[PDB]
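Everything below concerns the one structure shown next.
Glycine gets a Cβ as well: all are built from the backbone with ideal geometry, and neighbour counts include every protein chain shown. No value in this document is a laboratory result; all are computed from the given coordinates.
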Amino acid sequence: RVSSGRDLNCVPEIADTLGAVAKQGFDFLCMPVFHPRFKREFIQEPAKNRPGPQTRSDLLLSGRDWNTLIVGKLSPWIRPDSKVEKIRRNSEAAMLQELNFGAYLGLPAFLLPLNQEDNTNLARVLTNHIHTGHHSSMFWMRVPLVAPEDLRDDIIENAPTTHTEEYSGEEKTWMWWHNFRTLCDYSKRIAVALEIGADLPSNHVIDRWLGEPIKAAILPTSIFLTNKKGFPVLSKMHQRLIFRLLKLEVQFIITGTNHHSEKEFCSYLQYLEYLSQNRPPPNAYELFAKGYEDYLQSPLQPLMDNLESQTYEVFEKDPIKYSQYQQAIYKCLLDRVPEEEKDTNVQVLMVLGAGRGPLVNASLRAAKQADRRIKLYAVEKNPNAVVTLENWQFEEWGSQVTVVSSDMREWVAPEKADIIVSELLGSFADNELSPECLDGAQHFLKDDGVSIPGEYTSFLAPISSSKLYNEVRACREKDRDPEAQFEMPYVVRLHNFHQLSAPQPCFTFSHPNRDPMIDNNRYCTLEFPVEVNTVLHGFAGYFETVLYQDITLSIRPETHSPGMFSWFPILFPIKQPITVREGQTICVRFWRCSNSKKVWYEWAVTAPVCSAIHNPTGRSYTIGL
Amino acid sequence: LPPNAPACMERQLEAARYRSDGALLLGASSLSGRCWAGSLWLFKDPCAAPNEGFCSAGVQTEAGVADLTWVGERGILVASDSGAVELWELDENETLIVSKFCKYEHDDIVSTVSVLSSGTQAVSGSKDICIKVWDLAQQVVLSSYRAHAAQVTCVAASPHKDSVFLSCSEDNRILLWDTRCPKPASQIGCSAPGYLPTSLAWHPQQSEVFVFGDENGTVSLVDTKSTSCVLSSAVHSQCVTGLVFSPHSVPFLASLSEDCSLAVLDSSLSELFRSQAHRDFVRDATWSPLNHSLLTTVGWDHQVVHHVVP
Ligand SMILES: Cc1cncc(NC(=O)C(=O)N2CCCC[C@@H]2c2cccn2C)c1
Ligand SMILES: CSC[C@H]1O[C@@H](n2cnc3c(N)ncnc32)[C@H](O)[C@@H]1O
Ligand SMILES: [Cl-]
């Protein structure tokens, strides 16, 4: 169920209060570390020399409690961006004092307000604090979905609330965050506590916040309607947002007094836990990939490298994919040996990259379903897997299967093949070098032979994720280009991110390729119509493949093969984020390039601004032949 | 000390109000140390404060007191940190102070209250940005208004009209209210957006004028009729927290600030008196009804100073 905390701006005795909120059912408490109304002077006498103590003792809780149960709040009189010099300077000192005290206690998080447009001096002081000593306490920026000014009651006669359309005007709250986070150079220690009001904005504004590092959602007691019986509940719109925020695994903060006075507070909270336990439970895929959300991994190179036993284990633990392969061969067998030929015609069928033989088994289940006769070769270069094939073969398969222990590009075959069957696709289709591998093997396919798969196509879509941009940035390594980490793709279960446009196809390969002069290099210009304001952080890659006729695999979210969990999307990052305004077209250019030895991707954004060309000459990233 | 009166009075004196009969009301908060709370004290002897032993009555509040006002003679209206406006009724003998009502209606600290000219109604201001109008008889909120875009600094009821009050906020607006209009609020104040307003006092007689102090230590005399800032002076080096008009037929303006100084000013805002006697912040003032040239101030330095104003 939910992790949730209570926000108070009044705590008479820290002991008894914390007891109450634990009792109510809360996991933690947001409270001031100095009394909210206890303004302090640092420069002008006499107020300067006020006898202490300045606040209550750290001995009032266990170090354990401080580390786990308490979120600090900045005192609301502290205004680092005051236009009054004297107030700036006190707020500068007072902020450092309060932050330095939060650090002294070892608080896990500390709340700061974003509630005006200009937070330049605030960012300066926090950035300065983050770079003084070392702690790893989190900074939750309290930002409202809707500015307080655009949420006021229309009751000032001479200053009315303009009833016109303002597309950008009602997004200003994100620009507040964006500018602050940019000033702090995207510090991993600065996140958003998103404050929700009684009137939700337009979906597109809630859509700005999609790819942002939301650690908390604040629910004031206001926004809660009342059901017949008397309990508090939420509008159907507020509920959609909660269901969305739950899939982002944010912490919920309840703030303000009890306005449903004929109940305990643990009613407000009970309603979240009702909402949590009442969502469509996680499907096969969401359950499988549950610990991988926005986790970067190097893309496998099963050519250049020998995959580990436990890697093949997960490829194999995926029935839906092998059902499709089974069906595709079954159909191909029937379109190749007529019923009258069924006991005169043995089809010669070659698995190319057989691993531990899940395709070899599918090929046998195929023929003993279509009732036709097959001779199996199992070509596999990874001699560690070839141990597994030959033990299987000796023990069960028999002479039907010949295990070949070589590269399909080098192997001299005794006979030509009817059907070659391969599983050499990466998350970006051609990125494990399925093209080069099958090109080198097509000479031992008959001049009328089928390849399964026959076609694959890679897809690109531009994304916004200030979260994932940070996970990449965090991949810098000693003894290489300090920007290398941005010039290479990552396999990742993209989770906290915003798709800025529908995926379009990028690169397509056909097998066999009968072209007299085979060239596997490519240039592909793509134009992404964007109908929102946002920031570009990279391009998600997916693929679809035609195994045979109308039997297909896809990880394209639209056409995604249901309950198939053998591939995560690939991510192509860009060094510098690019602002994209509503109506602007994102134009990306991708090249597939090659030597005798290496294959790689170069890529560049050309609109609405140009990027640097990423990974020129595969300097940061190559794929070994 | 009396029965059910705390042994120790909390350090930070916030409120100081004389009743018609010369008795002194004190509110005080604990703004540091283990226990963050407040207390109410009646001193029939104004010269014996702050001392807890020689007081007529006192009581412990759940939480600190941000502002305080008399409701007539026996009533005490309190702006709590708790988000509550609480009304403390005074005893028959006036020996203990009992809670009459305590209503948690605001969502953040209640920073300011004011009793309307009738005395059956009050308007509160909070850091939750709401302003509310109370029925003290019925103990419920009549009206709830989000006029502002920032925490409400100060709400001041008009002397003579039960439907009019000024308010001011960190959103830089001074709002003239009138609960008769269907859009009750009206944004008045100087030509160019200036420094934030921090305090409001109506003139006790010229029902059409008032003063506002800003966070830059500048007191300003304004006409709502003329609705154009006639006069002002740089009185204080820091924020003006309180403005209090004397009871004289031609009255004086007491000005208390965070520069730990008290000023007293004529009707043209020239300086007549000034006092350093406070060595922490100056938090309130009330003039003696008995001696019109005596003035009483309280600080966060736990001092109760009495001044002879020429
Ligand atoms: C048949 C085939 C050929 N090539 C690649 C894949 N799959 C992936 O390359 C891939 O996406 N992987 C594996 C390497 C760990 C990360 C990620 C993963 C972790 C758990 C499940 N998956 C999907 C499958
Ligand atoms: C991800 S499954 C890919 C499998 O194909 C195998 N493979 C990749 N390239 C070749 C090749 N050129 N010849 C033979 N097997 C290959 C790999 O060793 C792996 O088991
Ligand atoms: Cl990695």
**OP:** Give the percent of DSSP beta bridges with both residues in the protein assembly as shown that are antiparallel, rounded to the nearest 5.
**Re:** 75 percent
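When a footprinting reagent is the concern and you count Cβ atoms within 10 Å, what order do A:466, B:186 take, fewest first? Show your work: numbers first, answer last.
Values: A:466 22, B:186 19.
Ranking A:466, B:186 by Cβ neighbours within 10 Å, fewest first, gives B:186, A:466.
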**OP:** Just rank A:479, B:67, fewest to most, by other beta-carbon atoms within 10 angstrom.
**Re:** A:479, B:67
Original post:
Could you give the distance between the Cα centres of the stretch B:80-127 and the stretch B:215-246, to the whole Å?
Top reply: 27 Å
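Over the stretch A:288-454, what is the mean sequence separation of C-alpha contacts under 8 Å (at least six apart), divided by residue count, expressed as relative contact order in percent? Walk me through the numbers before you get to the answer.
Values: 222 pairs, mean separation 37.3, N = 167.
Relative contact order here is 22 percent.
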**OP:** Please compute the net charge surrounding residue B:183, taking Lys and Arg as +1 and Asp and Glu as -1 over other residues with Cβ under 9 Å from its Cβ.
**Re:** -2
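Where does the charge balance sit around residue B:118 when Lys and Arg score +1, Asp and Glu -1, over other residues with C-beta under 12 Å from its C-beta? Mind showing how you got there, number by number?
Numbers: positive: B:161; negative: B:135, B:162.
Around residue B:118, the charge tally is -1.
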Subject >> Largest to smallest principal axis extent of the C-alpha atoms in the stretch A:455-625, angstrom >> reply: 43, 37, 29
**OP:** Give, in nm to one decimal, the length gained when the segment between residue A:127 and residue A:278 is fully stretched (0.36 nm per residue of separation minus the Cα-Cα distance).
**Re:** 50.3 nm
**OP:** Using the charge dipole of the protein assembly as shown (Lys, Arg: +1 at Cβ; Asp, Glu: -1 at Cβ; taken about the Cα centre), state which of B:265, B:193, A:2 has its Cα farthest towards the positive end.
**Re:** B:265
Subject >> Distance between modelled label sites at residue A:100 and residue A:68, nm, 7 Å Cα→Cβ extension >> reply: 3.0 nm
Subject >> Simple Cβ-charge dipole of the stretch A:164-223, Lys/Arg +1 and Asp/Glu -1, about Cα centre, in debye nearest 20 >> reply: 460 debye
Original post:
Can you give the net charge of the other residues whose Cβ lies under 14 Å from the Cβ of residue A:244, counting K and R as +1 and D and E as -1?
Top reply: +2
**OP:** Please go through the residue pairs A:73/B:103; A:172/B:132; A:331/A:597; A:39/A:172; A:39/B:183; A:73/A:478 and name each one whose alpha carbons sit more than 32 Å apart in this structure.
**Re:** A:331/A:597; A:39/B:183; A:73/A:478
Subject >> Average beta-carbon neighbours from other chains, 10 Å sphere, peptide A:148-160 >> reply: 6
Original post:
Among A:43-51, A:116-124, what's the highest-first ranking by average C-beta atoms within 10 angstrom per residue?
Top reply: A:116-124, A:43-51
Original post:
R0 = 25 Å: FRET efficiency of residue A:259 with residue A:16, Cβ-based, nearest 0.05?
Top reply: 0.65
Original post:
By per-residue mean of other Cβ atoms within 10 Å, what is the highest-first order of A:231-240, A:326-335, B:192-201?
Top reply: A:326-335, B:192-201, A:231-240
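Looking at the P(r) of the stretch B:6-310, how many percent of alpha-carbon pairs lie beyond 33 Å?
Values: 8097 of 46360 pairs.
Result: 17 percent of Cα pairs exceed 33 Å.
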Subject >> Straight-distance crosslink candidates among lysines, where the alpha carbon sits under 19 Å from residue A:467 and sequence neighbours closer than 8 are dropped >> reply: A:188, A:215, A:247, A:290, A:575
Original post:
In the stretch A:475-562, which trypsin sites (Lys or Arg not before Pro) fall in coil by DSSP and have 16 or fewer other Cβ atoms within 10 Å?
Top reply: A:476, A:478, A:480, A:514
Subject >> Charge dipole of the stretch A:160-215 about the Cα centre (unit charges at C-beta), most positive-ward option of A:211, A:183, A:169 >> reply: A:183
Original post:
Ordered by residue, what ³J(HN,Hα) values in Hz, to whole numbers, does the stretch A:38-51 give under the Karplus form 6.51 cos²θ - 1.76 cosθ + 1.60, where θ = phi - 60° and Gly and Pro are x?
Top reply: 8, 4, 10, 9, 10, 10, 8, 7, x, 3, 2, 8, 3, x
**OP:** Describe numerically, in nm with one decimal, the distance between label points set 7 Å from Cα along Cα→Cβ at residue A:371 and at residue B:272.
**Re:** 11.7 nm
**OP:** May I ask you to list the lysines whose Cα is less than 18 Å away from that of residue A:23, ignoring any residue fewer than eight positions away on the same chain?
**Re:** A:263
**OP:** Work out the P(r) tail for the stretch A:1-287: percent of alpha carbon pairs separated by more than 24 Å, whole number.
**Re:** 56 percent
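Contact order normalised by length for chain A, with contacts defined as Cα pairs under 8 Å and 6 or more residues apart; what percent is it?
Working: 1148 pairs, mean separation 65.9, N = 625.
RCO, chain A: 11 percent.
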Subject >> Karplus-derived 3J(HN,Hα), 6.51/-1.76/1.60, for each residue of the stretch A:237-245, Hz, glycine and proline x >> reply: 6, 3, 5, 3, 4, 4, 3, 5, 5
**OP:** Might you report the magnitude of the Cβ-based charge dipole of the protein assembly as shown about its Cα centre, with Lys and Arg at +1 and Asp and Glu at -1, to the nearest 20 debye?
**Re:** 660 debye
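Mind checking A:9-17 for the average number of partner chain beta-carbons within 10 Å of each residue's beta-carbon? Don't jump to the answer; show the numbers that get you there.
Working: counts 8, 12, 3, 12, 4, 3, 2, 1, 1.
What the average comes to for A:9-17 is 5.
To the nearest 20 debye, what is the magnitude of the charge dipole of the stretch B:258-310 about its Cα centre, counting +1 on the Cβ of each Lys and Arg and -1 on the Cβ of each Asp and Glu?
On the way: 3 positive and 7 negative charges, 31 e Å.
Magnitude of the dipole: close to 140 debye.
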**OP:** Using only Cα atoms, locate the centre of the stretch A:447-493 and the centre of the stretch B:253-310, then give the distance between them in Å, rounded to an integer.
**Re:** 71 Å
**OP:** With everything on Cα atoms, drop me the angle between helix A:266-277 and the longest principal axis of chain A, reported from 0 to 90° to the nearest 10.
**Re:** 10 degrees
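On average, how many beta carbons from a partner chain sit within 10 Å of the beta carbon of a residue in B:162-171?
Values: counts 0, 0, 0, 0, 0, 0, 0, 0, 6, 4.
Across the residues of B:162-171, the mean count of other-chain Cβ atoms within 10 Å is 1.
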Original post:
For chain A, with the dipole built from +1 on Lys and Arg beta-carbon atoms and -1 on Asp and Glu ones, taken about the Cα centre, which of A:17, A:72, A:30 lies farthest toward the positive end?
Top reply: A:17
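Write down Rg/Rh for the protein assembly as shown, rounded to two decimals, with Rg from the C-alpha atoms and Rh from the Kirkwood relation over Cα pairs. All intermediate terms of the calculation are to be shown ahead of the outcome.
Details: Rg = 36.8 Å, Rh = 32.6 Å.
Value, to two decimals: 1.13.
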